[PDB]
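Peer 1: Structure in structure tokens, see below.
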Amino acid sequence: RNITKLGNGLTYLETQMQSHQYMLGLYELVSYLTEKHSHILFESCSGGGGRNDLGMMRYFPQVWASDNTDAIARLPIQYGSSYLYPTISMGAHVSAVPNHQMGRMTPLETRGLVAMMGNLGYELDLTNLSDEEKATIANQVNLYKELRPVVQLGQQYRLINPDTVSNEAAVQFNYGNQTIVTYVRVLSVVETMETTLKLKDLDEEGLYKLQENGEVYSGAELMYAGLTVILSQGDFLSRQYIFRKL
Amino acid sequence: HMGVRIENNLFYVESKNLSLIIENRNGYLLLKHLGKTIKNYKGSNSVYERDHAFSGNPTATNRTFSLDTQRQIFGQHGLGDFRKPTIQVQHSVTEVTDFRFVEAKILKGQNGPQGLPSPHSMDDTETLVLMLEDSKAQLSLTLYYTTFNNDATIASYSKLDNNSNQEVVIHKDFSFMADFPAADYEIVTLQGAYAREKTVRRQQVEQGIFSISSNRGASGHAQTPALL
Amino acid sequence: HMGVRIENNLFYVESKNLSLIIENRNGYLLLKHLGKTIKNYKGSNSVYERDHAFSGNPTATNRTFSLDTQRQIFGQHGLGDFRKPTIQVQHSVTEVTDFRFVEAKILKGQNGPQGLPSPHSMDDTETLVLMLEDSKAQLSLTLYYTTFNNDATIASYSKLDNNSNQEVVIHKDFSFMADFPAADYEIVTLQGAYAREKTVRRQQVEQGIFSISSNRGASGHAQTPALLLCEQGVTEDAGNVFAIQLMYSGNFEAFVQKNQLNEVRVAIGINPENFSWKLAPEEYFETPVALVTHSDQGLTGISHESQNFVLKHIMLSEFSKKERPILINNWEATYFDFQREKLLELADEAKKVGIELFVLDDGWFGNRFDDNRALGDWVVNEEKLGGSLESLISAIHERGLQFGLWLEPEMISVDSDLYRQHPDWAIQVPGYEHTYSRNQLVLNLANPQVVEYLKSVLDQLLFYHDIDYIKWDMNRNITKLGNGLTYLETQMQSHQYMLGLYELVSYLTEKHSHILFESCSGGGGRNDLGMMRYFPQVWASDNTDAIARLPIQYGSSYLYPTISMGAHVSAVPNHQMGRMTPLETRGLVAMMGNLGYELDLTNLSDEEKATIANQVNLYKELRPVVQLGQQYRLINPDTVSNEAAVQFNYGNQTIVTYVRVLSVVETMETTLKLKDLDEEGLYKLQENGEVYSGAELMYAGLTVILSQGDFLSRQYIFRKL
Amino acid sequence: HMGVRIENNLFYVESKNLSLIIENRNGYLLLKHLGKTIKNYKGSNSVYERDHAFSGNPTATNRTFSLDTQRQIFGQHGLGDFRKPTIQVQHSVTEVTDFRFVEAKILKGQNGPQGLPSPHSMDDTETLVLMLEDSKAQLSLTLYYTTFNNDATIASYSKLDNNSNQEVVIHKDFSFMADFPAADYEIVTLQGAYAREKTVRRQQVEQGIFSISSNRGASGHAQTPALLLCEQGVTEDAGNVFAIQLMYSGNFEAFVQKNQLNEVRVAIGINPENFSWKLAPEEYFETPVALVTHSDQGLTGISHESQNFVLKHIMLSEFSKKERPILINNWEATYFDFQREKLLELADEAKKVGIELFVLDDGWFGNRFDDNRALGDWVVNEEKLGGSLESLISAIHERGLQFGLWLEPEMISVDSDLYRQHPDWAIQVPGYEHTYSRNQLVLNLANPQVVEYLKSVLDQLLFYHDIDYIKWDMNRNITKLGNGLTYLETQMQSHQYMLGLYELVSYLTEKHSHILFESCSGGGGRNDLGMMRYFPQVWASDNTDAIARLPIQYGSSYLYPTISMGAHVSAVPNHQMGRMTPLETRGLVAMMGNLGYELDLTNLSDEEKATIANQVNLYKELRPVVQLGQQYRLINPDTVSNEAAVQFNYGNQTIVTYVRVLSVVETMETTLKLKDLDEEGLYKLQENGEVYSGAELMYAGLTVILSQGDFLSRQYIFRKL
Ligand SMILES: OC[C@H]1O[C@H](O)[C@H](O)[C@@H](O)[C@H]1O
Ligand SMILES: OC[C@H]1O[C@H](O)[C@H](O)[C@@H](O)[C@H]1O
Ligand SMILES: OC[C@H]1O[C@H](O)[C@H](O)[C@@H](O)[C@H]1O
Ligand code: NA
Ligand code: NA
Ligand code: NA
């Protein structure tokens with residue numbers, strides 16, 4: 001919650017000071033604790049991202065970016081949450097459907113890919129899942145263990161921004177020999193030419209092998225011609241392209 | 001070459017690919033340049049001093065020097081500058097101060113406010129220490145600007161000392177200010193709401209004042225302490 | 001039916017075509033509707049109460065009622081509302097108040113804050129009196145909302161009473177606030193700069209806070225106490241506009257905040273900056289009057305509403321419908337370098353060209369041979385005037401001219417006998433050098449001795465001389481605040497200054513009700529509705545260039561009637577812009593305002609004099625149409641336009657002035673359509689004798705033809721048959 | 001006073017609130033005014049004649065008169081006008097004509113091109129007849145402009161006579177052109193794509209030429225024969241709009257050209273592409289009818305004007321004010337896979353839910369088990385229908401349902417007995433393989449034998465069966481033009497095709513005037529005013545997704561009345577979008593149109609059936625309001641909006657439908673204001689019984705509340721007391 005009813009000073013002046021003194025007290029508290037227990041990973045939170053600033057990030061190396069865990073609603077949130085702050089900070093959880101905040105069904109694949117553009121966790125009752133859903137989750141976890149260095153340690157490139165008008169989002173990460181691209185489309189479209197999606201910051205002469213089809217593309221092709229992005233009919237579909245520089 | 005340099009009346013705060021160049025002009029500190037690295041700065045982009053109507057002056061006879069029209073690194077109210085101030089201190093019967101530059105030092109390495117989160121890994125940093133005084137009020141205001149050798153960032157904060165024999169009250173004390181030359185600008189901020197955090201906003205700069213702020217006791221869901 | 005009605009828990013404030021409907025909800029006052037008249041309001045547009053995260057509650061158990069989410073008419077901080085507050089009062093160890101509604105009354109007729117400019121002609125008004133109390137703090141806050149039967153305007157102000165046994169301090173106290181529902185809005189303001197006054201700005205409302213404000217001690221050149229909240233896509237002719245305005249000439253703030261839910265708060269009042277107000281037990285504080293005005297006829301509609309309200313309820317009745325004299329003013333003509341001979345020769349030439357009033361500007365008093373001394377010494381320089389001011393005045397009267405005089409009462413030069421006798425009368429901080437501006441200082445009108453002296457000196461000046469007109473100037477802004485015996489008294493001195501000024505000018509203008517007073521502040525540095533309550537015209541700008549005047553006049557008459565707007569034909573090259581303009585164009589531009597002349601008529605050719613005599617004869621004809629008639633903007637001189645065109649209708653007369661800034665080539669002629677004519681009316685165009693139906697002029701329009709050249713203009717004059 | 005008047009050299013074409021004023025200037029016809037009514041026009045807005053560089057002249061000595069600079073009503077190339085021409089006729093060694101006005105007549109009543117769709121109910125009309133001649137070429141060009149006493153619309157077309165003794169060739173011949181004065185304009189068009197029909201586009205007019213056009217042989221999915229030239233900043237409620245539209249269903253072009261002087265030309269007609277017209281001595285050619293419609297009440301105003309004109313003077317009188325039956329159509333329900341059992345079971349369920357009409361779609365004829373054969377073979381598949389079509393029809397009638405049938409007469413499959421008997425009937429080029437589309441070919445309706453065959457087959461079908469309704473589809477565009485015995489006859493075949501179609505459909509719809517014919521072309525591939533002259537409803541789009549339908553219905557009813565606009569509740573997940581939508585939302589969206597059902601009712605749960613029965617009961621109530629009432633767009637589903645809202649008023653009934661596309665969170669509720677109510681009216685809201693004044697509903701509006709979720713909708717139903 002936020003602070004109301006300021007009047008604990010013995011004078012008006014001491015009350016005027018109490019909001020900043022509060023912050024000094026918090027920083028004394030958290031600096032003490034995080035430093036004394038330097039092996040514990042502390043994650044900051046304030047009904048999600050109610051206090052996601054560089055003051056807190058000095059002591060808490062990750063933050064619960066938002067209570068909104070909808071995969072689609074997360075797109076603009078993650079766009080802003082990683083705009084000035086590194087992806088490694090940005091907590092993101094696969095949650096249940098229908099989503100508790102938006103009242104929305106999203107594909108588990110899309111919940112997966114969106115959360116994996118952040119610092120991945122899970123926040124749903126695994127015991128109430130089918131055997132299939134569990135398998136999918138196990139596969140998502142195996143995938144991210146692979147992607148985790150690229151996402152958390154790598155360089156982020158926004159390719160299509162989920163702004164107030166866009167129907168799409170696309171984010172690229174480079175890390176040494178690894179390049180990944182996640183594409184999400186919000187609403188189904190029809191009789192509309194496929195988006196052309198160009199990658200950034202590659203070696204022009206580099207040879208980039210696309211895991212899904214084994215095809216090898218020069219960095220020049222991927223940056224200057226780009227990928228025809230193909231999706232089936234439907235809302236909230238996503239895909240990922242994984243490349244290894246040879 | 002990065003770090004802090006003091007050359008005649010110019011101070012050079014040099015991070016990687018980012019310079020802040022300040023001029024001491026008879027106690028007044030002028031923002032000469034903030035941007036890409038410049039060595040041996042001459043003043044091609046200096047404010048042209050002229051008589052601007054209703055922009056007043058520290059002396060009777062020189063109408064062309066006005067704190068209303070000079071580009072600065074901190075703002076006071078009551079000396080002729082009518083732009084929004086960033087330091088305002090009540091003492092005795094007034095909240096007029098007139099902090100004048102007295103002395104500069106350079107520090108190396110670790111440096112920061114006590115009890116507030118500040119940068120770490122500061123071995124390859126230098127800090128410009130600008131010591132200002134209001135002799136009448138007996139107050140010191142010290143500005144710090146820190147370089148980084150591995151990033152295009154400069155860090156800043158200030159320290160206000162009461163050297164008088166009476167209580168004083170700080171009303172406003174911001175951590176950084178810069179006066180940028182007239183030109184077309186846009187601003188980008190991160191705003192939004194609960195369950196809509198950090199919504200990226202972009203708009204044109206218009207005459208008047210635009211602000212984001214929290215009065216909630218926490219920085220808040222609806223605004224981030226950032227302005228681009 | 002108009003006036004105030006109290007029905008169960010609803011209060012109806014009903015002006016002509018504008019209603020404010022407020023609900024009392026257990027002590028909390030909710031803004032239900034502000035806009036077009038609604039009777040028997042049910043609540044179709046009520047806020048849906050739900051749990052909003054981090055929006056807190058007055059009780060533990062009801063999460064759906066939050067002052068963070070309700071639309072209100074005043075704002076407090078610390079009770080859960082995190083929107084920008086409009087009342088904030090320190091008492092004991094806190095600045096939390098919780099004012100709860102206790103009781104409503106209705107007043108009829110005259111009503112307003114003491115010592116601050118407020119509406120007149122209030123016979124057909126009623127005022128809603130909302131009495132609020134914070135029982136713990138023992139404070140009363142009383143809100144007033146006044147209806148008008150003849151305008152879509154509501155007036156507002158508040159009174160804060162300290163009923164406790166301890167001192168309290170007001171930190172913020174605005175004069176009007178409204179929470180508008182989430183929607184797309186634009187705002188229009190009047191900003192600009194010296195020699196660029198009242199520049200019309202339009203922008204989209206965005207999340208965050210936008211504000212205009214003055215901390216200069218005067219409303220200022222660069223911002224006007226006005227803010228127009230507009231329906232997306234408003235035009236000159238269509239869409240909803242709400243104008244909020246402040247009858248105050250000191251420091252103000254106007255803001256628009258769009259919060260986390262997309263809701264929009266607007267407010268206007270005294271600026272929190274440079275303001276605190278101590279209240280001892282039983283003392284009270286009243287805010288300046290704010291106005292909220294409405295139109296659904298776009299930007300022309302809001303102009304007309306605002307102009308009409310000014311004319312009928314603000315500008316002095318003695319002058320609001322009185323043709324203003326065509327004057328000569330010597331300032332640009334001679335500056336400080338004049339004497340009796342020169343003056344009377346100027347006066348002779350003015351009379352020959354048919355000018356009506358002669359204004360003696362700066363330099364007639366004390367030692368004032370330049371702008372470096374003598375302010376404060378309102379003693380006639382008989383040597384320079386070649387005898388007494390009485391003898392000069394008689395001389396001017398005998399030449400058949402009214403007589404006018406420039407003053408700057410609020411100012412003191414270091415080099416003056418006043419400063420030598422009373423150095424402590426200047427606004428200053430002990431132990432700090434003066435800050436100078438035009439090498440002068442400001443008098444502390446918060447000092448009752450200063451007000452008493454100025455009352456006395458000026459009353460003596462006006463009683464002992466047959467002066468027909470006063471130009472009241474004010475040539476700098478306020479620095480170095482520190483004349484209080486305490487910090488608190490200093491925080492009060494900027495508003496006390498304004499109270500002292502209003503005591504002074506209300507006294508003088510009322511005592512000498514036959515003198516036309518024109519306000520001035522390096523032109524339009526204080527052109528607001530506070531000053532217009534006492535001064536029925538204003539020197540719109542020191543920039544007298546015909547072309548630079550186009551955007552200035554656009555803004556200067558945007559909310560204020562044309563009759564207020566002083567405009568002078570001046571010399572070429574223009575003194576501010578360095579520009580040659582046709583005399584015809586200088587003429588036509590000034591005649592869209594309140595016409596005068598400000599150049600040395602004695603140095604003109606015989607031809608130039610003839611032209612001037614013709615311009616004066618023309619305007620004597622146009623003067624009723626321009627000053628008394630209805631203004632219609634046809635082409636706006638905005639930042640991009642190459643043209644300006646303004647129409648005035650007055651009974652059987654319709655005139656249109658067209659100006660083009662830059663010469664164009666191989667460009668089709670503009671088609672210029674007139675507005676607000678009788679479709680079936682027959683309109684005879686003076687220049688060609690052709691008769692056109694109003695339908696033709698409004699729906700087909702005039703092909704506008706000009707020769708090659710910059711800054712050309714023309715006028716079309718029509719008579720309805 | 002309305003009609004045509006000829007006064008000296010001016011011609012006045014006067015519809016209700018819309019005048020076209022033309023001047024004869026020595027044989028040249030000048031557009032003086034198009035817009036609001038002007039009587040006794042003088043010429044305030046006349047073109048100023050001057051020497052414009054490179055703008056040439058009909059005579060040596062007068063450089064100021066140029067057809068490059070005069071505003072005109074038709075355009076020629078080669079006489080000095082370099083703007084895009086609208087008439088261009090080859091004769092002898094040239095395509096220079098110089099048509100000069102010779103004579104004017106006025107007609108009363110019925111008037112129009114033979115063999116092309118034109119306005120009906122013309123008793124209160126007059127037509128200006130402007131006879132032009134090129135004496136050298138011996139050609140006559142006659143322009144017609146028709147007034148309407150009950151709408152702000154003027155209709156136009158031309159007739160070109162060859163009075164020479166040689167063949168001539170028409171290359172270009174548009175149906176309307178107007179030169180508008182230099183000013184800022186925007187244009188609005190209806191474009192889009194298959195499954196995205198009639199997407200509303202708005203843009204600024206820029207120097208150069210903007211065009212929409214079809215070269216497909218049908219007006220097409222991606223462009224509508226309409227162009228709206230709008231006053232800068234037009235809104236739904238305010239500003240001037242001129243809509244130019246074409247009553248033609250073949251190839252068209254609409255263009256806006258802004259030339260070197262900033263002047264603006266707009267025109268619509270037959271596309272020059274795929275068009276030439278040979279005229280032997282004494283032959284003539286008449287263009288399709290163009291319409292120009294005007295409003296000064298913004299985009300809603302133009303919608304109403306255009307809708308009204310369609311309802312009264314275009315759509316068949318037998319149907320324009322007749323409630324349309326709620327239908328079931330089996331297409332999405334079964335595709336090709338049906339037989340008698342399935343059909344009658346579907347019919348049983350349709351009757352139970354209160355559906356009125358049963359439409360048997362594609363697959364009942366010849367060998368049509370898929371979309372790869374049998375087009376051309378309009379022979380009943382008795383095996384599949386389990387007996388004669390007569391027996392099926394009686395079966396349907398006995399279940400209490402009207403009976404409807406799908407046809408595609410313009411098409412032929414290679415695999416068909418028709419193609420085996422007459423392969424030369426297909427549009428084709430000798431020695432080129434066919435171009436295929438949905439694996440079918442187009443019939444050459446330019447061949448009189450083709451038209452005779454289709455007339456005969458279909459007349460036999462309709463006379464021998466009690467068919468209540470026809471769905472007339474057309475599922476591909478025209479390729480491989482080469483059926484002429486000469487190149488010229490090929491150039492003519494696309495327009496001849498249209499003449500053949502209109503001969504066919506006018507004959508059939510008129511002969512069987514009790515059958516409701518619904519036009520179709522893979523949905524809205526030919527949804528134009530040419531087709532709407534004979535088919536009083538149209539299948540707006542194959543996209544039956546409730547959410548995708550929002551922009552489609554926005555465009556589909558923009559210029560055309562809601563009654564025309566077929567809309568069906570379909571199954572989920574939606575077959576086009578792959579999307580789940582609430583049945584409630586599918587219901588409410590379809591009920592903003594002409595309601596039907598297109599899903600397999602036999603596979604529905606008992607609950608789903610109940611919901612459907614309730615939707616049908618609701619719409620029977622709403623049907624008069626929606627189909628007969630006045631439409632008001634409140635929130636537009638444009639490319640960016642997250643919402644849609646449409647209001648209908650009909651006498652004492654007012655309904656509002658609101659849809660939200662994506663779920664939102666921590667966002668204030670939308671405030672939704674209603675339009676065109678009685679301020680003093682009392683409006684009872686069915687759902688809550690509350691009574692609201694019209695003022696409250698228009699000026700305060702409804703707080704719109706929804707649960708969390710995508711694609712939610714609600715409806716508000718009001719009764720004026
Ligand atoms: O009360 C528990 C709950 O508190 C806040 O809303 C947090 O942001 C959630 O992640 C959860 O921890
Ligand atoms: O000093 C005299 C001068 O003062 C100000 O600038 C006024 O606005 C001018 O009109 C003139 O009166
Ligand atoms: O082939 C049958 C099918 O044909 C087109 O696509 C129509 O638009 C559909 O409604 C349906 O009739
Ligand atoms: Na620190
Ligand atoms: Na008063
Ligand atoms: Na016809």
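Chain labels run A, B, ... following the order of the structure tokens; each chain numbers its residues from 1, and ligands are numbered from 1 in the order shown.
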Using only C-alpha atoms, determine which residues of chain A fall within 8 Å of chain B; present them as a list in words.
Peer 2: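 Listed by rising number, the hits are residues 2, 3, 4, 19, 24, 27, 28, 47, 48, 49, 50, 51, 52, 53, 55, 58, 65, 66, 67, 68, 73, 76, 77, 79, 80, 81 and 163 of chain A.
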Peer 1: Which residues in region 3-220 of chain B does DSSP call strand (DSSP E)? List them as a VMD selection string.
Peer 2: chain B and resid 3 to 7 10 to 15 18 to 25 28 to 35 87 to 90 100 to 108 126 to 134 139 to 146 155 to 162 169 to 173 186 to 193 196 to 204 209 to 211
Peer 1: Taking only C-alpha atoms into account, report as a compact mmCIF listing (two decimals) with N, CA and C atoms, in the first residue's frame which residues of chain B lie within 7 Å of chain C.
Peer 2:
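Below is the file selection_18.txt, written as the result:
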```txt
# COMPACT_ATOMS: atom_id res chain seq x y z
N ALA B 53 13.66 41.25 -22.10
CA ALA B 53 12.71 42.02 -21.30
C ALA B 53 12.28 41.22 -20.07
N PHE B 54 12.32 41.87 -18.90
CA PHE B 54 11.83 41.32 -17.65
C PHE B 54 12.76 40.23 -17.12
N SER B 55 13.90 40.01 -17.79
CA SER B 55 14.92 39.13 -17.26
C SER B 55 15.98 39.97 -16.54
N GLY B 56 15.93 39.96 -15.20
CA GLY B 56 16.68 40.89 -14.37
C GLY B 56 18.12 40.45 -14.10
N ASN B 57 18.85 41.27 -13.33
CA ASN B 57 20.31 41.24 -13.33
C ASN B 57 20.86 41.36 -11.91
N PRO B 58 22.00 40.70 -11.61
CA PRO B 58 22.67 40.83 -10.32
C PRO B 58 23.27 42.20 -10.02
N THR B 59 23.51 43.00 -11.07
CA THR B 59 24.01 44.36 -10.90
C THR B 59 23.09 45.33 -11.62
N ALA B 60 23.21 46.62 -11.28
CA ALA B 60 22.39 47.68 -11.87
C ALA B 60 22.70 47.88 -13.35
N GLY B 78 14.57 33.90 -7.09
CA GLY B 78 14.63 35.18 -6.40
C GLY B 78 15.82 36.06 -6.80
N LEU B 79 16.69 35.54 -7.70
CA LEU B 79 17.87 36.25 -8.17
C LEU B 79 17.70 36.67 -9.63
N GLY B 80 16.50 36.45 -10.19
CA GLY B 80 16.23 36.83 -11.57
C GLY B 80 15.84 35.64 -12.44
N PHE B 82 13.50 32.79 -13.31
CA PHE B 82 12.11 32.46 -13.01
C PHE B 82 11.75 31.03 -13.43
N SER B 92 16.15 32.44 8.41
CA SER B 92 15.71 33.74 8.89
C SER B 92 14.37 34.06 8.22
N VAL B 93 14.25 35.25 7.61
CA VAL B 93 12.96 35.74 7.15
C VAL B 93 12.73 35.46 5.66
N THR B 94 13.51 34.54 5.07
CA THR B 94 13.53 34.42 3.62
C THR B 94 13.80 32.98 3.18
N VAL B 96 15.30 33.05 -0.05
CA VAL B 96 16.31 33.46 -1.03
C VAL B 96 17.68 32.99 -0.53
N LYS B 136 26.10 35.29 3.23
CA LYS B 136 25.16 35.93 4.14
C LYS B 136 24.41 34.89 4.98
N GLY B 192 1.95 4.46 -16.71
CA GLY B 192 1.07 3.31 -16.66
C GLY B 192 0.25 3.28 -15.38
N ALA B 193 0.08 2.07 -14.82
CA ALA B 193 -0.79 1.84 -13.68
C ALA B 193 -0.53 0.45 -13.11
N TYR B 194 -1.09 0.18 -11.93
CA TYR B 194 -1.11 -1.19 -11.42
C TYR B 194 -1.66 -2.09 -12.53
N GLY B 208 5.54 25.53 -21.33
CA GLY B 208 4.96 25.20 -20.04
C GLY B 208 5.81 24.13 -19.35
N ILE B 209 5.20 23.47 -18.36
CA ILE B 209 5.90 22.52 -17.52
C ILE B 209 5.17 21.20 -17.63
N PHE B 210 5.91 20.13 -17.96
CA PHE B 210 5.39 18.78 -17.85
C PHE B 210 6.11 18.06 -16.71
N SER B 211 5.36 17.34 -15.86
CA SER B 211 5.98 16.60 -14.77
C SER B 211 5.32 15.24 -14.57
N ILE B 212 6.14 14.28 -14.14
CA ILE B 212 5.67 13.07 -13.48
C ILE B 212 6.23 13.10 -12.06
N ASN B 215 3.61 11.20 -4.93
CA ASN B 215 3.44 11.69 -3.58
C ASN B 215 2.92 10.54 -2.72
N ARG B 216 3.24 9.30 -3.10
CA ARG B 216 2.66 8.11 -2.49
C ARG B 216 3.56 7.50 -1.42
N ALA B 222 2.60 4.01 -11.36
CA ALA B 222 2.09 4.85 -12.42
C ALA B 222 3.16 5.78 -12.97
```
Peer 1: Got a sec to pull out which chain A residues are within 10 Å of chain D, counting only C-alpha atoms, and send them as a ChimeraX atom specification?
Peer 2: /A:68,73,98-105,164-167,186-192,232-235
Peer 1: Ligand 5: which residues are within 8 Å, counting only C-alpha atoms and all ligand atoms, as number ranges by chain?
Peer 2: C: 111-119
Peer 1: Fewer than 5 positions away in the same chain doesn't count, so skip those; otherwise give me all residues within 6 Å of region 15-32 of chain B, counting only C-alpha atoms, as a ChimeraX atom specification.
Peer 2: /B:2,9-10,37,71-73,100-101,147-152
Peer 1: Next, dump the selected residues to file, keeping only N, CA, C and O atoms, as a CSV table (one decimal), in the first residue's frame.
Peer 2:
```csv
chain,number,residue,atom,x,y,z
B,2,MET,N,39.5,9.9,-19.8
B,2,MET,CA,38.3,10.1,-19.0
B,2,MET,C,38.7,10.4,-17.5
B,2,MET,O,39.8,10.1,-17.1
B,9,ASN,N,38.8,28.4,-16.2
B,9,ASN,CA,37.5,28.6,-15.7
B,9,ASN,C,36.5,27.5,-16.1
B,9,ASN,O,35.3,27.6,-15.8
B,10,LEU,N,37.0,26.4,-16.8
B,10,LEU,CA,36.2,25.3,-17.3
B,10,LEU,C,36.4,24.1,-16.4
B,10,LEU,O,37.6,23.8,-16.0
B,37,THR,N,31.8,13.8,-26.3
B,37,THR,CA,33.1,14.3,-25.8
B,37,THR,C,33.6,15.4,-26.6
B,37,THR,O,33.6,15.4,-27.9
B,71,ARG,N,22.2,29.2,-19.1
B,71,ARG,CA,22.1,27.8,-18.9
B,71,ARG,C,22.9,27.3,-17.7
B,71,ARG,O,24.1,27.7,-17.7
B,72,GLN,N,22.3,26.6,-16.8
B,72,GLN,CA,22.8,26.4,-15.5
B,72,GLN,C,22.7,24.9,-15.1
B,72,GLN,O,22.1,24.1,-15.8
B,73,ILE,N,23.3,24.5,-13.9
B,73,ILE,CA,23.3,23.1,-13.5
B,73,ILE,C,22.5,23.0,-12.2
B,73,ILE,O,22.3,21.9,-11.7
B,100,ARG,N,27.3,30.9,-4.4
B,100,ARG,CA,28.3,31.3,-5.3
B,100,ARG,C,29.5,30.3,-5.2
B,100,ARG,O,29.8,29.8,-4.1
B,101,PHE,N,30.0,29.9,-6.3
B,101,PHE,CA,31.1,29.0,-6.4
B,101,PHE,C,32.3,29.6,-5.7
B,101,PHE,O,32.7,30.7,-6.0
B,147,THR,N,32.4,10.6,-12.9
B,147,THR,CA,32.6,10.0,-14.2
B,147,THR,C,32.7,8.5,-14.1
B,147,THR,O,33.0,8.0,-13.0
B,148,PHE,N,32.4,7.8,-15.2
B,148,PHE,CA,32.6,6.3,-15.3
B,148,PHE,C,33.4,6.1,-16.6
B,148,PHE,O,33.1,6.6,-17.6
B,149,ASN,N,34.4,5.2,-16.5
B,149,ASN,CA,35.3,5.0,-17.6
B,149,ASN,C,34.7,4.0,-18.6
B,149,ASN,O,35.2,3.8,-19.7
B,150,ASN,N,33.6,3.3,-18.2
B,150,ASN,CA,33.1,2.1,-18.9
B,150,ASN,C,31.6,2.3,-19.3
B,150,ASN,O,31.0,1.3,-19.7
B,151,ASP,N,31.1,3.5,-19.2
B,151,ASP,CA,29.7,3.8,-19.5
B,151,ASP,C,29.5,5.3,-19.8
B,151,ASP,O,30.2,6.1,-19.1
B,152,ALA,N,28.6,5.6,-20.7
B,152,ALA,CA,28.2,7.0,-21.0
B,152,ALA,C,27.2,7.5,-19.9
B,152,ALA,O,26.0,7.8,-20.3
```
